[PDB]
Structure formats: C-alpha cells, structure tokens
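Visitor: Let me begin by handing over the structure; questions about it come next.
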Amino acid sequence: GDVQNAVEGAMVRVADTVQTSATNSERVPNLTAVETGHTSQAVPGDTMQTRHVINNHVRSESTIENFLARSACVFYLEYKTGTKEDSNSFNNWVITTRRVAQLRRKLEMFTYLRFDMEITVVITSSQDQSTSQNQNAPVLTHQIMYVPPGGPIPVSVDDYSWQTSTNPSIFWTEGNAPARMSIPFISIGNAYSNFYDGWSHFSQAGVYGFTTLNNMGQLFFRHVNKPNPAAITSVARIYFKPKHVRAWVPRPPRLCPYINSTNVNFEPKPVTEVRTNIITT
Amino acid sequence: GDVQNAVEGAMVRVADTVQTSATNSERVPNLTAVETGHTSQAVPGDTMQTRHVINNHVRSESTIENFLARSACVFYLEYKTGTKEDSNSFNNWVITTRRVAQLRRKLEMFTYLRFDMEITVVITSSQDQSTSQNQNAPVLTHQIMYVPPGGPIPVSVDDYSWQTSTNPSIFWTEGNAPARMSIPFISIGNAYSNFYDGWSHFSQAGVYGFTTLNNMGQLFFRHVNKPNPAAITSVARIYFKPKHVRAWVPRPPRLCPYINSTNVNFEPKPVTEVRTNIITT
Amino acid sequence: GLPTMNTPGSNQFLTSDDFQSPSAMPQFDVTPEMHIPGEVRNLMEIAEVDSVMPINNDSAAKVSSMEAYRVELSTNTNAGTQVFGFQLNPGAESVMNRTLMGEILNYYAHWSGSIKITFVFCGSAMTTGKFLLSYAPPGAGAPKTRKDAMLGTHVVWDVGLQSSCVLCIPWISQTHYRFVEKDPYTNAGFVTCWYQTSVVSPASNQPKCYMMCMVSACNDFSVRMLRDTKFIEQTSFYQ
Amino acid sequence: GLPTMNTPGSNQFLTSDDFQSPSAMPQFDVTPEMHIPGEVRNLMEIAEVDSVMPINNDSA
Amino acid sequence: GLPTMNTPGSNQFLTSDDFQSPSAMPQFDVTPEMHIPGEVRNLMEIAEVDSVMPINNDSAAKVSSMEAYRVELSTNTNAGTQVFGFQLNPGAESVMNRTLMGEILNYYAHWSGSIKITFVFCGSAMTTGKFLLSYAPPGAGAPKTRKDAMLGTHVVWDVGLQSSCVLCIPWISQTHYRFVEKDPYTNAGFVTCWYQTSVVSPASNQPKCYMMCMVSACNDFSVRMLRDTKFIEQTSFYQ
Amino acid sequence: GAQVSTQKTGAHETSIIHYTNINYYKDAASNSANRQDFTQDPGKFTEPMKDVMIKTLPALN
Amino acid sequence: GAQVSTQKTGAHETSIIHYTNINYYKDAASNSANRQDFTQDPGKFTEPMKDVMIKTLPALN
Amino acid sequence: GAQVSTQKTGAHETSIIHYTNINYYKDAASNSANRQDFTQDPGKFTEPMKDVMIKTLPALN
Amino acid sequence: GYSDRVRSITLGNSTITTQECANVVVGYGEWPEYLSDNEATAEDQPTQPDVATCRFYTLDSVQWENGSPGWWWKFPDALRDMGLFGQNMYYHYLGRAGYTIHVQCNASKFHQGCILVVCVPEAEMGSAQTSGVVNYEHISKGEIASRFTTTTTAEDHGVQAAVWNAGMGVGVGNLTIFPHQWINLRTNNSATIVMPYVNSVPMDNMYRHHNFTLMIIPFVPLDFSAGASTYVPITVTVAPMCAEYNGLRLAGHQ
Ligand SMILES: CCCCCCCCCCCCCCCC(=O)O
Ligand SMILES: CCCCCCCCCCCCCCCC(=O)O
Ligand SMILES: *C(=O)CCCCCCCCCCCCC
Ligand SMILES: *C(=O)CCCCCCCCCCCCC
Ligand SMILES: *C(=O)CCCCCCCCCCCCC
C-alpha cells in the first residue's frame, strides 16, 4: 500500500457472527494455555450457540493515520514588538514532541514511527498596557524561520540570520488564515524513534535516552514590523499533524505522569483505580 | 533539458557499492599522480573488499536550482508618510545582489549565472510616535516602481514619474498577501556575470570589476495615501529567488568577509581554524 | 462565481514555495543562449573535485600562510611514528572543514557517502619511504599506536614514481546519513597517518621534505536538509 | 481572473481537516524505507492482544 | 466549496499584468471595422523610416532653426578636411537622439542592430565632390585624421546623378544588445565624415553648398526593456 | 491527471459515491492523509507462535 | 493542455504518484522552479584530461 | 472549450512550452492583451513607391 | 614504444618538447574552436590570421626561490606585445581566442618543491587598501610576472596579493576547482593547460577584459642542499588557438 498516495484505500469490515448449534464433543476451543504467549482467537460461537449477524462495522477511526492525523498543539512561544536592545523582541523553540502531554502519549504508544507532517501555526497578538496603548498600530507581519542543525542562530531581533538565504521561512500577516506547511520524513534513520534505551557515548555514557536521537533543529520567531509607541505581545502556537504514517512495535500507554521533556522519567503510580470490594456492581 | 519547463525532470540516483573480493595483482587503482590535474575516481572497493550496497539516495537538494531557488532577502528600504516637502516621504534602491552577505556568497560560487527570478516584497508599517499617534489611519496602499536604465527618476513623492506610462509598477494595499513578480533573464549578455576581471574603459581604466557589467536599474518606493496627522513609517523588504537556473565555472566560496557592495575587496583571513596539535581526536 | 473555499496556508509567503507568478516584463525577448564551458548543474560536482587540506594546522601563524597545506616529513624518523591524526567530521573538523567538499557540506545539515584522501609526496625525487594510511571506525577511540591503526581500514603507501596514493574512506555507519555538524550519535571515527618504515635519502639530499593531502567526495556521496552557512555574516548592508 | 466566490468555512483551521499544503523542504530525498518487525496499522490490533486485569483491586 | 489556497501576489495591481476583467458595458455592438490606410503594428516600422539628422548642432541659435539639419560644405576646401564627427549613441547622442529612430529608442532601455546613414548632396547640380564616410568601432578613440578614419569601416562617396549615398553601419559589438542610455561598457564607436578629394565648382556657381543626412534602422534592428521616456514631463495636470 | 476515488458512506438498508483528487504539489509529502486504508494484521501480536495453535485442539499435548 | 508529472516520493520497502501542472501565464519566466532535474557531469571538473586516465593503470609510464 | 497556446521562451543553445486559456466572460473586450502577434509591414512607410525601387539599380535613370 | 611522459606540441612555426609531462588538461573538457554562425553577433567578416597569431610565445621567465610566494599573468593582456597576436589585438575592437599554456620548470632528482599551475577565469582581484580601488599597473605588467605577496600590505592601489587568499578573498587550497596542473619537481618538468574561450559573451575587447589569470603558486617550497645548483627558473610559453578578430579601425588604446 502507499501511505503517501492518500486516494487509495482498502475497505476491511469487521467479522460476522456465524450461527452456532449445540455441541457435545472432544474439541475444546476455550481451553488453552496462556503460558504459550498466545492470545485466544475465540469467537462467542465457541462457547454459546449464536445467531447469524452480519457486521458491516469497519475499524475506520482506529487506523494509525486517523488516530494520529488530527492536528495537535505541541508548544507555544511568546515575543514582544521591540528593538535590538530588547531581548524579548524575538524568541525560539527547539523542536520536540515531548513538551506537551497529550500528543506525546499518542505517539509514544509506538516505539518507531515514520511519517510526513503538516505544521499549522496560530500566531496571536495583544496590546500591552501603556500610556500609549491608544496608538494606531498597523497590521503586523510575522517571521517564522527554521534553522536546521548546524546553521546560524539569530542573536537579535535584527540580524543577518533573518535573511534566510537558504533556511526555510514563513512570512505571515495578521487577520489571514493560519500559516501551514508540509514536512517530509526528516530523519537520518529509517524511522523516528520515540525511545532509545542507549547512550550518546560508546563508553556507556553522556546522554541517556531518546534525546540523543531526536535532533530536529529549531524555530525562530519575530515581528517584521518596526515597533509602535506602545508594545504589542505576540504568541505563536505550533500545531503538528502526523500524516502518511507508519508505526512499529506497539507499547503500553504511559501510566505515570510525564515529568521532563528531556527524559523518560516518572515517579511510581498505582496500576489502576481502587474499588470498594472485589465483588462490585 | 529545458530549465523553464519545470514539470520535466531527470531521476539520477547515487552509485551502488559493488562487492569486492581479495586481490594480488599488477593493477593499482589507488596509486596515481596529482600533478596531472586529475581527481582520483576511486571507489572503496579498490582498496577494501566491500559488500553489495544498493544506494537509492539521490542528489536532490544539491541541484543548482534547489540550492538557489529558495527566496532570500537582498535589501530593505525605508519611507515615511509625507508631503512634497518631506525628502523622506519616498525612497529608492539601485538593484544589486552584492548588498547582503548570504545570497551573495551563494551566487558567487559560480562565475556566470543565467536565470529567471521571482521577486517577492514584504512591506511593513509602523506608527511614528506623536501627539497625534491616536489617529484613525486608513489602510495604506503602496507603490513600487521599476525604473529601467535610462528612464526618469522621481524627484519627489509626488511627480509625473509615478504615472508609469511605460515603467512596471506594483500597487499593493496592506493586510494582503506579499506582492510578487517574475522577471525574465534581463541581461544584454548571454549570462549574468558575478565577476569581471576588467575595466569600464578601453584604456585599462575607469571602474574595475563586476560593477561595470551589472547595471540593473532601480526600484522606487512610496505611499499612495495622503498623510494622516501623525506620521507612519514603512519598510520594504525585497526578496529574490533565482528560478530556471543555469550555472557556469564553479569557484571557491568566499573565505574572507565582504566589505564593499561596489567591489570584490577583502582583507586577508586565515585559511582555516587553528587546532591544538597536528594529532587530534 | 465558482464557489471557492480558502484553506489554511492562504496568503502566507513561504521562502521555499514553488508557485507561478505574473512577469513584470511581458513578451521579453531574452538574450539568445550561448555555449559557455564548465557548466555546474549540481553542487556535488564541486565536492567531487580534489581540494588540498590544511592538515598542518598547528598555529595562527601557519594557518595564515602556505605552511597549513604542507605536512612535514623527515629522514631517519623512527618506524611506528605518527604523522598526524584527527576525527573524520567533513564540514566540521578544521582539517577538511573549509575545503571545496567542506564548504559545500556547510550549506546542508545531513551528509552521506565515501570520502577519498589523496596523499601526495612532494619530497626529493631521489628520496624514499613507506607510510600507513589509516581509518578507524568509531566506538574504540583514536588509534594510539601504529598497531592500533593497522587493525582498522588501511593502505600501506609505498612512495615511488606514482607520486600519490589515495586512502579511500568507506561509508561505514549505523545510519544512512550523518549530521554535517559534530554530533555524538553521528560520529564517523578517525583518520590517522604513520611511518610504516621511514623516509630515507642519499648523501647531498635534504633531510626534511613534505607530503600534501587532497580530499574529495566519491560517487556515493550526497547531502540533505538545506541550511544557511555559519561561514559568512554581516552587521549592516555593504556599500 | 477566473470568477471565484469564497464560501463559509473559508480561512478557518479545523484540527481534523484533510487538505494539501506546500512542503517547506522541496525535493527532499527521504531516508530509504527499511523493514522493521512489528508493524501496527490499526489500534484494534493492540486491543486484540491479551492484557492481565487488576481484579484484586481492594486497596491502594 | 472547492478548497482554494491563495498564493503570494494575491490582490496586487501590477501595471504590466495581463488578466481578464468584466466589461462595464455588456453586449456592446462596437462600430464596424473599416480599412484606414497606414497601419502601424510595430514601432520598429517607424524606426525603419528615414528621418533627417540635426548634425549642424553647434548653437542654440541654429538648433531652433532649419540650419540644424544642413551641414555646410565648401569649394576649394583642402583634401583631408573633416566635415563632422560624433560617437554613435542612437537615442542618446544629440545628432541622432530625437529623430524617429531616436525617439522610438527612448521608450526602451536596450537596443540592437545596424543603422544606415543616408548622405544626400543638396549642392548645385553643376557642382562635384568626393567624401570619405567613416565608422570606427570602439577601443581606439575617435579617428583624428582621414587616414585614421580610412582604416575603419568606410564608404568613399562620389557625388553625381544619384544624389545620395548610404553609409551602412554594421552591428559590431561584444554583446547581443547595447543600452539606449550612454554606458562605457556598451560603447558603439564613432561615425565621422571627411573630404576624400574636395568640392569643385564652375565659374558663376555658389562656393558654399550643403549636404544633409538621413538616418534609419536596418532589418536587423530591435529594442528591449520597455521604459518611460525622459523627453516629456509635467508638474501638474493639463487643462 | 485526476484521480477518482470512493467516499466513506455507510451500510445501506437492504452505496458508491465518488470524490475527485488532483495533487497540486511536486512533493508527495504535501498530499492528503492516508485515511482510507482499513488494512490489518493482529497476527504478529495476537499469535507470534512458531508452531501453529489450532483453536479446537488442546494447547498442550 | 494539462501536464502530468511525477512527485518526489522515496525508496520503498521491497513508488509512482503524480501531480498536475497547468501553465497560467504567457511567459515561460512565470513558471515553477526546475527542481526535478537530477542530472550531472562532474567529468569536466574531476577529469579535464586530454589523454584518458584509466584507473587500474599507473598514471605515469 | 479550452485554448492551448505557446509561451514566450527564448533561443536555446544548439524550445516549445505551452499555456492554457479559458475565456470566462461573454464579451471579447474582456479578454487578455494581444501580445503575441509579432507581425509587421514597414513597406507602407519605408517604401510607398508606385514604381518598384530595385536596390542594385540606380534610383534614377 | 610511446612513453606517456614524452610529448611534442606543434603550433604554427613552433614546437615544444617535454620528456617529463603529466598528461595535458583541456579546460573544462573543451578544446578551442572558432565562433559559430549561431553564436555570433558582430556582423562583419572576422580576420583569422591562423599561423601568424596562433603560435608559441615565450613570456619573460621568472626565478623560483625557496621563499618566493608566487606569480600571476593576465590573458590576453600578457600577449599585448607578442608579435602579430599583439598587433591584431591592437587594431581590433573585438577579439576571441583559446590558448595552449605551457609552463616549464626543470631541476634534478636531488631537488624538491611543488608548484600549482592554474588558469583562473575572471579572477577579479581585491584592492589591498579595502577602502580604496585597485589600478591596472598593479593588476598586470603585461608579459612580466606580477608577484604574490607573503606580506599583508602594498603601495597605493596595489592588489592584496597575500598568497593564502589568492588575491581574491578565497582559500588558495581551493583554486584547484579551476583548470590546473602541478609541477612537482620529483614527478615532472612541465605543465600544459589547453584553455577554451570561457566568457559570458561571444567576443570581447582584448584590452579591457582580462578573461583569465595564470597563477603559479608554490605549495611546497623550493629546496635542495649543499652546493646543488641554486638557480632554477620557471618559464611560461603560451600559444593562442582559434584566434579571430572583429571590428577593425586604427591603432587602439584611446
Ligand atoms: C518555516 C519552516 C518550518 C520547517 C519546520 C521543520 C520542522 C521539523 C519537524 C520535525 C518533527 C519531528 C517529529 C519527531 C517525532 C518523535 O520522534 O517524537
Ligand atoms: C515592479 C516591477 C519590478 C521589476 C523589477 C526588475 C528587477 C530586475 C532584477 C535584476 C536581477 C539581476 C540579478 C543579477 C545577479 C548577479 O549577477 O549578481
Ligand atoms: C490531469 O491532471 C488533467 C485532468 C484535468 C485537469 C483539470 C485541472 C484543474 C485545474 C488546474 C489544477 C492545477 C494545479 C497546479
Ligand atoms: C488543457 O489545458 C485543457 C485541459 C483542461 C483544462 C482545465 C483548465 C482549468 C481551469 C482554467 C485554468 C486557466 C488558466 C488561464
Ligand atoms: C471547454 O471549455 C471545456 C474544457 C474543460 C473546462 C474546465 C473549466 C474550468 C472551470 C470552469 C471555468 C468556467 C468559467 C465560467
């Protein structure tokens, strides 16, 4: 099948209930051995006498694509309208999935993941309180610049780096529809790895874990407008949608709450919620 | 091939590793003579016994087009909302590649260059501080006018030249998508020349260097709106994208920092960065 | 009119976009195309051309001089002696970093492929010698001894009428691609040089002489994820 | 130009939308696909795998 | 509706754009087409028509008079004597600048092609003479002597019953196109005129007489990069 | 070069509607989400057995 | 007068998707970037030799 | 009812690209500028002669 | 028969021999040839003097010394005085030609040293005084070698000839991208580069435009020992190929 050729599906419905009659025999479909590592492929008709039901149900929304391909917020960043002197006049984000709780748990249900991605970004502005907040501020244009691992970081809201002679950038004016890009499978390895039980150094040391593999570069944000008399603050929300997805090695979903965006740390939680008695209604 | 017919490619993958066995012979693939001016076309299999690897890698992004065809900023210009009396009410730019550092180094890796160009221009406005900055300023329209080498320069924000009975102009209102044009291969010579080791005068004199050849004309900028009680400043960023590119004679990339947009001058820099010892880890 | 519905993305300016635009000069008769020799159609054609490496990289004094390019060899030098050593980070390590291949690499974030270091002897024609040209893959650390170097991928160069010998460095990696930038995960190992025997000369010959090293990319090389170089910058526009 | 008429819905960002968008990295040669065992293509494949239940659920 | 995504360029007004627009008067029955003689379909058709040059360009007095057009010749003038000289900048040099060809050139920034200067003798029918009509290509400087002029591209015009002789100026250039504006790189050389022998006359004939010069573009001429002319301006609207 | 495909409709009381696709961009990454592939193979997770386990038979013998 | 071409996809595990092009303007300058021509000839730079240098042979003889 | 035509390209080193046109309006006045007709006839201005003037011959005889 | 170390080149009334060459580099893969009717623009008939112009002109040879930094020559300007090539270049607005460049340098088995021999197209050099502009007399001495400097400074409007940046703001070790050879005294006694007409326009003026620069830079210094012949020169002989000229008038400079 070709995950990039969207308009090319496969309709697979759920299994029908075949009619069962009474039995008295040596065959035992519901007596087995869990030790084997095998899951019982029993159907209700092996235990009861069932009728004939035609299941036209399809496992549609549980497809890896339909599950992951809904655009989620991964991070938001903030920056004011200012001069070279103002540190806060621009900002940046090192790209990472592990910053938020919700998409992270979804992706982490799979060890290895290969996908293309749709990035949408909602940049929002607000007037700072000031004697000058009265001010005719013109429409603000914004610049989002991707700096891949190795290129020049912008040190100020106003330096050569923002030229983008080779880095990808998006210039976006306010009031318009949210900015949107598609990204290929950017990794150096044959699949993205949500987990790495290993080290950054051959000597079993340095950085432990997934961090080591997931070097994605960073997004730099600024206003293109010169500052109005009163400051205006903008905050950019970066949205991710995994499209054209393939997934390998399913994992148990995260039980414990996330602590660090850097590492897989947790503090131990109970297996489930407690109940009144082992016999419950 | 036809660099203007975009939707017509050529898929050329990288070379595969052929399996090598052990050898004991008179043929010497890795013994040669640098003096010749020739580069060794050795493959790892001439020195080691290699396995068979199928390289489906392609040299995609290193194509002259993919390398140059990313829209870069070449210059930005500034102008206030004003009257005939105000010199600063309009502005101009003599068109040149050599003004910025980043695109200039990219283009200059080739001696001769022939391309079409996509010009995008991000015009941004800001309110000047004033007792009147309170003011209901209506949407500002802008005029960008190209004056080719020979036509009338606008002496004021308000003169006959801005009629543009024959010059190309773009009128752009704020809030809308950035203005964009395509330009043909505008030169009088069969290719653009990033370098000219020569003179403007037959007598070995006058102007030395590339300046002599690269007469591209200029862009004049103004507000079309009459001035509001408080002034508003606008700054236009001109973006260039070399598309439909062809390149001749590769050069070493610029080592020394650029000094003048007019000439190729430099002050001598070291060949590389220094290290601790000739034996390094 | 025809019921259109504008999607996200609408009216943005993406630097890398590939759309059609109106030309400001309609029906312009472009200057007719001529031949011009030396057409570059792909930057890898440049990376495949031999540059000479600044391996004699010890001091600012020699780095702003021709010394940088010439590695000094000497007669009566003892057998297992190391000539030089460095880890293979093309486009990141000062030795290869700003060569033609290095410079091309620096407009990209990912590289792949085999490299070939062509060793040329520029000593007296009457002079002789044998050298061990080594490449150790990562994981073990830099080869401390000629024996350590010997264990890895290597050529024993016997100098003679064919002036130059090439050490072909194989792409041996976990991943299909490494970063151009130095990264612990994408480490590429160490290339070192050693006297396999020694440089020997006749009576009125010079004792110290020089070797020099060319570097380029083999036909399996490639680069990805286009980026701006750190190698050039400005504070203001030029005039 | 071609007389277009914009409908309601225009310029909204619907989280669940399925539209084409420009790529920020044109002609990128993606790392070649390899095999990797254990491909999940539908979450029900996980729900169909036997887990062990916390039925002895009486106390924290 | 149909998911449209607006690109950069959207809603701009480009002066040179070529788009379809609604008509404000639908189904208007236009006045039926008639023949009318003299249809111009290309400005080069005008540049190809002979104008007369103001070569007698010495003073404001004669430039606001008919003198401007007539070059004065005389009997008993010594042999190597120069009649006139100027560098060939069509559309830039005052001699050709505001002629039909010159005027057409001034709405463009680039020109190309051969020019033809038709020399007509308007002296007495009983009068005689021979002239060297020269064109020196650039690089050497303007021809100072009839010998210098002789070395370049030239016609020796013998005046007689065919009144006029044409000096055909060849396109000899490095580039396929020159600028209309005067530019050191796109210099086109010098056209000069000399007495090859002299003007001779009979007894009761006038001693001084006149020649006149027509100029036009040959079938290889063309113009590029459309621009506004400097030749017309205003401070305010007209009423 | 248009592609015609089938829309997700639903089980009808005892059908086929189509939609049109034209890929606008030069890069497959730019394409719509692969939402219509309802393919599956729980076998690798539910049954990773070397010896095939027949349901009507005893698991151990 | 539409043109159908091939999209950049990627090496698949042991394919062809298409895109559509219609040129809207009267001037070839207005067209999309020629990004899909991966053609090359390093020969002119790597080997500008009058006499062909055969790798298995000695460079000088 | 689409029209396919040729784009202005340029003399190539020792080609044909096309563009598409669909007229949207009921009035020919609404159409694009007739920019591609490089036809000419200087004759009426350069040579309005009753008797044909042969270049290699004397103008008067 | 035929050792590939031996070569004989004949052009006009000129033959150069060498018994220790290292092949010959044809610039960018292209052998020189005349301007074709498709690529032409100057409508006048070209004069093509063939053997009278296209022959081997030996320029003023320079001495290689242990510490000598390097040399450059500019073409066609170096040939502005070389016989009838010079005259044709003097009487014509436009000229076009390719060239067989032959650098000569012999020493001995006991000598050592290695020079880069390279033909750089459009080698537009920088002013030493970054603030100011350069000028012709510090750009070219016609047929006489202009020297590269080890010293980072020079007299009014002199080029910044500091060798490691090749007089043009780049790494000298990367000059190898241009058509080049090396005379490594161990290996060979000569270099030969056959340069095609490389330019953005079919013909050009022979004086105004220095179409390319010949740089000879010693990467490994000249050395020898105890009483073994001090003087070892480097001689550059060059022959124009497929030379043709358009636009004829008087003797030309201004
Ligand atoms: C303006 C141009 C922006 C270009 C943005 C490039 C963003 C690269 C995104 C990389 C996403 C990586 C997902 C990693 C998933 C994981 O392993 O957790
Ligand atoms: C509003 C109309 C604008 C028209 C703008 C015309 C711009 C001409 C651009 C010329 C680009 C020249 C690139 C030269 C490259 C080089 O040699 O360095
Ligand atoms: C195959 O693609 C030709 C079928 C008819 C195409 C109609 C095209 C619709 C309008 C153009 C879309 C172009 C996107 C670049
Ligand atoms: C060939 O061009 C005809 C194929 C069908 C064309 C569908 C055209 C799509 C809408 C019109 C685009 C017109 C651009 C001026
Ligand atoms: C001939 O006109 C039919 C060819 C296909 C037409 C595609 C039409 C494109 C969209 C409609 C444009 C309608 C303008 C009123």
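Ordered as shown in the structure tokens, chains take letters A, B, and onward, while each chain numbers its residues from 1 and ligands are numbered from 1 in the order shown.
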Quick one: everything within 7 Å of region 148-164 of chain B, counting only C-alpha atoms, minus sequence neighbours fewer than 6 positions away in the same chain. Send it as a PyMOL selection string.

Guide: (chain B and resi 84+89-90+216-218+222) or (chain E and resi 109+181+227-230+233-235)

Visitor: Can you work out which residues are within 6 Å of ligand 2, considering only C-alpha atoms and all ligand atoms, and then hand them over as JSON, numbers by chain?

Guide: {"B": [97, 144, 145, 146, 168, 169, 170, 192, 193, 194, 216], "C": [24]}

Visitor: Would you mind telling me which residue in D:22, D:54, D:32, D:38 lies nearest to ligand 3 when using only C-alpha atoms and all ligand atoms?

Guide: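 Between D:22, D:54, D:32, D:38, the residue approaching ligand 3 most closely is D:22.
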
Visitor: Set the distance at 12 Å and use only C-alpha atoms: which residues neighbour residue 4 (chain D) once local chain neighbours fewer than 5 positions away are removed? I'd like the list as a list in words.

Guide: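 Once the nearby chain positions are removed, what remains is residues 1, 2, 3, 4, 5 and 6 of chain C; 1, 2, 3, 4, 5 and 6 of chain E; 24 of chain H.
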
Visitor: Env of residue 88 (chain C): 10 Å cut, atoms = only C-alpha atoms, seq-sep filter 6 positions within chain, self excluded. Answer as an mmCIF file with C-alpha atoms, in the first residue's frame.

Guide:
data_model
loop_
_atom_site.group_PDB
_atom_site.id
_atom_site.type_symbol
_atom_site.label_atom_id
_atom_site.label_comp_id
_atom_site.auth_asym_id
_atom_site.auth_seq_id
_atom_site.Cartn_x
_atom_site.Cartn_y
_atom_site.Cartn_z
ATOM 1 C CA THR B 281 40.989 13.414 18.449
ATOM 2 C CA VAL C 95 41.399 19.958 8.551
ATOM 3 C CA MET C 96 38.656 19.245 5.956
ATOM 4 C CA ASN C 97 36.060 21.849 7.049
ATOM 5 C CA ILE C 115 35.494 10.226 1.053
ATOM 6 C CA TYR C 135 40.904 4.915 9.064
ATOM 7 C CA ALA C 136 39.470 3.667 12.329
ATOM 8 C CA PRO C 137 35.650 3.488 12.596
ATOM 9 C CA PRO C 138 34.150 4.905 15.864
ATOM 10 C CA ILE C 169 37.423 6.100 3.332
ATOM 11 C CA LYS C 182 29.563 17.409 15.029
ATOM 12 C CA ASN C 187 30.366 10.149 14.977
ATOM 13 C CA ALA C 188 32.496 8.996 11.990
ATOM 14 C CA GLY C 189 35.804 7.742 13.502
ATOM 15 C CA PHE C 190 39.468 8.706 12.998
ATOM 16 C CA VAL C 191 41.817 9.105 10.085
ATOM 17 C CA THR C 192 45.483 8.836 11.020
#

Visitor: Set the distance at 10 Å and use only C-alpha atoms: which residues neighbour residue 4 (chain I) once local chain neighbours fewer than 3 positions away are removed? I'd like the list as a list in words.

Guide: residues 51, 59, 60 and 61 of chain G; 1, 7, 19, 20, 21, 22 and 23 of chain I

Visitor: Leaving out residue 47 (chain D) and any residue of its chain fewer than 5 positions from it, which residues lie within 12 Å of it when counting only C-alpha atoms, given as a PyMOL selection string?

Guide: (chain A and resi 39+59+62+250-253) or (chain D and resi 40+42) or (chain F and resi 42+45-46)

Visitor: Show me which residues line ligand 4, defined as having an atom within 9 Å of a ligand atom where only C-alpha atoms and all ligand atoms count, and present them as JSON, numbers by chain.

Guide: {"D": [1, 2], "E": [19], "G": [1, 2, 3, 22, 23, 24, 25], "H": [1, 2, 3, 4, 5, 18, 19, 20, 21, 22, 23]}

Visitor: Please identify all residues of chain A having at least one atom at most 12 Å from any atom of chain E, considering only C-alpha atoms, and return them as a list in words.

Guide: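 Residues of chain A within 12 Å of chain E, counting only C-alpha atoms: residues 170, 171, 172, 173, 176, 177, 178, 179 and 180 of chain A.
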
Visitor: Which of these residues is nearest to ligand 1, using only C-alpha atoms and all ligand atoms: A:190, A:126, A:134, A:4?

Guide: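 Nearest candidate to ligand 1 out of A:190, A:126, A:134, A:4: A:190.
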
Visitor: For chain B, work out the contacting residues on chain D at 8 Å, counting only C-alpha atoms, and write them as a ChimeraX atom specification.

Guide: /D:26-29,31-32
